[PDB]
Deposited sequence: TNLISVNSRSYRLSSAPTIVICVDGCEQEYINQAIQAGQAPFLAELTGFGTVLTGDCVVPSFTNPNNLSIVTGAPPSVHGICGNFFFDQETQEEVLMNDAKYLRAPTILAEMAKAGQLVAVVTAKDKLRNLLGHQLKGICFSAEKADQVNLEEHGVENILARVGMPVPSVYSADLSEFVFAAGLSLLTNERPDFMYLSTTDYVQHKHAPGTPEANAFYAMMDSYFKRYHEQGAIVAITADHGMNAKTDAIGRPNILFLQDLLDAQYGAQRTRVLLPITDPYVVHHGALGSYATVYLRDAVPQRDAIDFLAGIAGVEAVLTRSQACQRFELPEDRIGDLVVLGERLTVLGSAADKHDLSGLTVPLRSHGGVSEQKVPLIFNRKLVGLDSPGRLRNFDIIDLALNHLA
């Protein structure tokens, strides 16, 4: 068909309705466990006609950076969204204003395709819908969709569900339910769906709660498939326990530690995230005031138990492909079971109602890539290559 070029990648416009799903916080085990548990029959047999792969997401393994990467088919060094915020002013990249590249989404639309985007959280929806002319809304604000703004109307009635609670599993279901109704009505050419990792943050793979959620998604996949759509599924990042044997969190307050070593006001620990984790992840940035010597800082931090790696700006930028201008002097990586906080005084841990499970580091990098089709031309796979494979590598 018609071929569009976006961010230096060429894409062949879909002939059949294509659905790219981003399963927030999808550590592979979730899937393996549900199947074993017999709670995902569809995925269980998908191997008969499908393709299951494993790819690497973007580091820092956070939702925004990853989602943006998926829809642009590029890394943060291209789209420029490497976290929820940066420094210089503690500015927030919550606006497309911060977007430095186009989405594949907007291009398909410009080429005349009917593109749809559905996300659980409204905030994402903003970033993703940049320059998009089509259907675009969140489950979070389903109640207020209008034709002009969102390309749709009365989705609540259509879906047969009330506005869900942000801190509910219902938020994600809504996403799937909405995607079904659009498929069977409007029949978009391309649809992008994105959930929240609310469940994954609260439950580990293999638990009733987790299995149940997966059982729900599996049903939707089945139905999408039954509709003749092409279904492509991935995740933005993985997920892990960040606790001891009894559920107590393994935290390292970098700000506190740094302040003690070099004296307060001398360093600036930034946590590119913001209840799921109480802003606790395995990745952080550090800004050094002239007073402190990078060499020293590295040695110091690196020797702290729980730190996985200390990278300089250049190191990180090149290794992870990030924008040098929106990253600190140092990049700190947390170990498998460790999260990094700023200062103790600045965190509300009393909100943690269950043992902490988070992401951000390298141990939440492995993510799945699943198709309900067979593929061709397979040569280091990234989660943001999903669209590529879905539009160009079909057998």
| query | finding |
| --- | --- |
| Deposited-sequence ranges lacking C-alpha coordinates, in sequence order | 89-92, 279-282, 388-390 |
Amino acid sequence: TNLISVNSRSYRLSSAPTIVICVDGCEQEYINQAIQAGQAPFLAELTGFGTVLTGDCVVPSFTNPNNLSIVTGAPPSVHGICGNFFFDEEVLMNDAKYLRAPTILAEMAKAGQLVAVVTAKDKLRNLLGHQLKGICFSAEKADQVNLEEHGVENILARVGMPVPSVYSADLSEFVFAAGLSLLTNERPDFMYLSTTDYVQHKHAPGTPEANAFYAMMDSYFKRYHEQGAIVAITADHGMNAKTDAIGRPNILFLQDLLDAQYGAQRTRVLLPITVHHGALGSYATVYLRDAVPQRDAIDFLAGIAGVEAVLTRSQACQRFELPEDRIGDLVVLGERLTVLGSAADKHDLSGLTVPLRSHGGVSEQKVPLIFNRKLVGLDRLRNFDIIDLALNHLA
From here on, numbers count along this sequence of modelled residues.
{"query": "Which of 119-127 and 315-323 has higher mean CA B factor, as the PDB entry lists it", "finding": "315-323"}
{"query": "284-292 versus 134-142 - which carries the larger mean C-alpha B factor in the record", "finding": "284-292"}
{"query": "Highest-ranked of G48, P368, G334, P65 once sorted by CA temperature factor in the record", "finding": "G48"}
{"query": "C-alpha B-factor winner, where the candidates are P355, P41, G361, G55", "finding": "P41"}
{"query": "Where the record places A212 (Cα B-factor, split into thirds across the chain)", "finding": "lowest"}
{"query": "B-factor third for the C-alpha atom of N154 within its chain", "finding": "highest"}
{"query": "Position of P102 among the chain's modelled residues by C-alpha B-factor, lowest, middle or highest third", "finding": "middle"}
{"query": "Relative C-alpha B-factor of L3, binned into the chain's lowest, middle or highest third", "finding": "highest"}
{"query": "Chain-relative CA temperature factor third for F300", "finding": "lowest"}
